[PDB]
Each structure stands twice: as structure tokens, then as C-alpha cells.
Amino acid sequence: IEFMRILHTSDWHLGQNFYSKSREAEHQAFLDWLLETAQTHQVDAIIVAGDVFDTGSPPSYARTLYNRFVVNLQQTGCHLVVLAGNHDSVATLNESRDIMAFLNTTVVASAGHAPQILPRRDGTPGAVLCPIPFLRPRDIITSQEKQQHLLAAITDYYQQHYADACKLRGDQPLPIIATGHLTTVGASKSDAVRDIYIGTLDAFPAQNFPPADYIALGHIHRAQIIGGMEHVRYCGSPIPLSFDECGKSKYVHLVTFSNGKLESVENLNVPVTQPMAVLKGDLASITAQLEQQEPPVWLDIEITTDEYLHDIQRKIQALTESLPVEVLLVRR
Ligand SMILES: [Mn+2]
Ligand SMILES: [Mn+2]
């Protein structure tokens with residue numbers, strides 16, 4: 001009879017420089033849709049599980065997108081939790097941490113944040129959240145197998161915070177939600193997913209996560225269930241961040257809890273607003289493929305080599321001209 005609904009998204013990479021193209025229009029459309037979605041489903045909180053910005057120094061238009069989203073979300077009463085990813089700067093996200101607190105927004109950039117009660121819209125306790133961002137090794141490692149040390153450090157961190165969450169919850173029939181931003185064992189990755197913990201942790205075994213009712217992860221751009229556990233998920237990025245993800249569905253998760261436990265995870269399709277395409281073949285294959293839309297499709301021309309990589313450039317740069325589309329990548 002008591003519900004708690006959250007939206008799980010991650011890997012926005014606001015401000016991404018995509019082959020000299022801006023993603024501002026796509027991100028604007030996405031954030032607008034996310035606002036509408038929060039209202040349609042009467043969502044209590046949105047959790048952004050890391051990699052808010054593509055870099056530690058986002059351009060003004062990206063900072064503006066982020067700020068305006070948080071402001072517009074105030075018309076809903078929905079709470080916002082923003083976690084840092086490995087792409088984010090901790091100092092950059094912390095610039096606005098205390099300001100955001102006046103706008104029903106909890107910015108968690110560094111390790112060590114205590115578990116906190118997420119309210120329902122009506123103010124009453126809805127869930128206990130363990131707000132865990134990308135964990136910088138320096139912030140969790142004790143006293144300097146370095147591989148084994150980091151895995152144990154992360155595992156212990158989750159155990160300590162899960163224990164605190166259980167204590168904070170007390171007797172209340174509340175779900176516990178934990179977040180994270182890392183790569184799990186078995187995860188399927190994309191080109192735009194940068195290696196983390198390089199040399200210190202190949203991947204995190206999801207069996208080491210504490211038994212939260214939901215684990216909202218970011219870092220991996222393709223939505224997927226982890227370790228065969230429906231309650232442990234990557235939502236994936238909301239727009240395609242590399243050509244290898246185009247054509248594939250983009251999601252945010254609607255996660256509903258009932259009487260203190262996970263009830264359902266629904267996959268909400270994020271509308272795709274910028275057409276993209278990857279071509280593979282020969283000059284004639286591509287010429288056939290290049291057949292015949294207001295926003296012009298962005299192209300990646302890939303194949304086996306024809307002749308000098310520089311010569312192929314001018315070849316394709318001639319085959320593409322006066323056409324209703326653009327051409328961003330050309331490899332071999
Ligand atoms: Mn990312
Ligand atoms: Mn990441």
C-alpha cells in the first residue's frame with residue numbers, strides 16, 4: 001500500500017565533444033523528456049549514477065543544462081540525487097553541492113557520505129539510500145596484491161554503508177537502495193566506456209555487493225542485468241555516446257518498491273532525437289548504402305582498407321558531397 005518510485009539513469013556525459021559535434025540538443029530533449037517522465041510516473045526521486053559531465057571542466061552550455069534541469073525538476077517535488085562518476089571532477093560537482101541542497105538535490109561526489117532517508121513526495125520516509133559515487137582509490141584505500149586490496153576496500157566500504165543503512169532504517173519497512181559507478185565482472189562494455197582502476201581492479205564481482213533491495217549502477221553504457229540479479233542493474237547512457245551504441249535502445253529505469261521491497265523494474269525508452277549510422281563495405285557498397293529527415297544523420301564510415309588511409313579520406317570526402325547528412329568518423 002506504500003509505494004516508492006525512483007528513476008535510475010547515469011552516464012549523461014553532458015558537454016561531450018563528439019567528433020566536433022555538440023550533444024546539447026539531444027541532452028536538452030532528453031532532460032525535457034526526463035522531466036515529463038518524472039511527472040507521468042509520479043516519481044519520488046531520480047538517481048543519476050555517475051558521469052554527469054564528460055569532463056571536469058564542462059562548457060557553460062553543459063553547466064546550464066544541468067542547472068536548468070535541477071530548477072525545472074522543482075515543479076515536480078521529485079528529489080534528485082547526483083553522484084560523481086570517474087569522468088566527473090569532485091571539485092566541480094562540489095561547487096554547487098550546498099546550493100543544490102536548497103533545491104531538493106543531493107550532490108554526492110566523494111566517498112564517505114552517510115546513508116540517507118529518501119522521502120516520498122509527501123515528505124515521509126520512502127527509502128534508505130546509500131549514496132555511493134565512483135570511489136577513488138585514494139579515498140578508500142588503507143595505508144597503501146594491490147589488486148586484492150582495492151577489491152577488499154570496495155567490498156568493505158559497501159558492507160559498512162549497508163550496515164549503517166540498516167541501522168538508520170531501524171524497524172521501518174523501507175527498501176534499501178545502494179548505488180555505484182564501476183565495472184562489474186561479466187559486464188558488456190562499449191567503446192566509450194573508459195577503463196577504470198587501471199592495474200588495480202579488472203572488474204568488481206557483483207556477488208560482493210550487499211543485499212540492498214536495488215543496486216543502481218552507472219559507468220557501463222548498455223543497460224543490462226548484472227550477475228543474473230534483476231535488482232542489480234546498469235541503466236546505460238540515455239543518448240548514444242559512441243557509434244557502436246547507435247541503433248540500440250536507450251533506457252532509464254522506473255523502479256518501484258512496495259511494502260519495503262522491490263516490486264518492479266520497468267525499462268523506459270528514451271526517444272532518440274539525432275539519427276546516427278555506421279556504414280561498412282566498399283565504395284560501391286557505401287554508395288548504395290548512402291541512399292535516402294530534418295535532423296541530418298551522423299555517419300561513421302568503417303570497413304576493410306581500400307588503399308592509403310589518407311587516400312580513402314579524399315575518396316569518401318568526394319563520394320559524400322551535397323548530400324543531406326554529415327560524416328564524422330572514417331576508419332579501417
Ligand atoms: Mn560514462
Ligand atoms: Mn564512467
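These values consider heavy atoms only, across backbone and side chains, with no hydrogens, waters or symmetry-generated copies. First listed ligand is number 1; within each ligand, the first listed atom is number 1. When a residue number appears, it is its place in the shown sequence, counting from 1.
Between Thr106 and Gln116, the side chains place a donor N or O and an acceptor N or O closer than 3.5 Å (distance only, hydrogens not considered). There is a side-chain donor-acceptor pair under 3.5 Å between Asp32 and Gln28. Side-chain contact, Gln274 with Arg23: no donor N or O sits under 3.5 Å from an acceptor N or O.
The nearest N, O or S atom of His87 is not closer to the Mn ion (ligand 1) than 2.8 Å.
Vertex the Mn ion (ligand 1), arms ending at NE2 of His13 and NE2 of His221: the angle is 100° after rounding to 10 degrees.
Distance alone, capped at 3.5 Å, places no donor-acceptor pair between the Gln172 side chain and the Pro125 backbone.
Distances from the Mn ion (ligand 2) to each N, O or S atom of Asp51 single out OD2 as the nearest. Nearest to the Mn ion (ligand 2), among the N, O or S atoms that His219 has, is ND1. Nearest to the Mn ion (ligand 1), among the N, O or S atoms that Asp11 has, is OD1.
Aromatic ring pairs are classed by plane angle as parallel below 30°, tilted from 30° to 60° and perpendicular above 60°; the pair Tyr197 and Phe134 is parallel.
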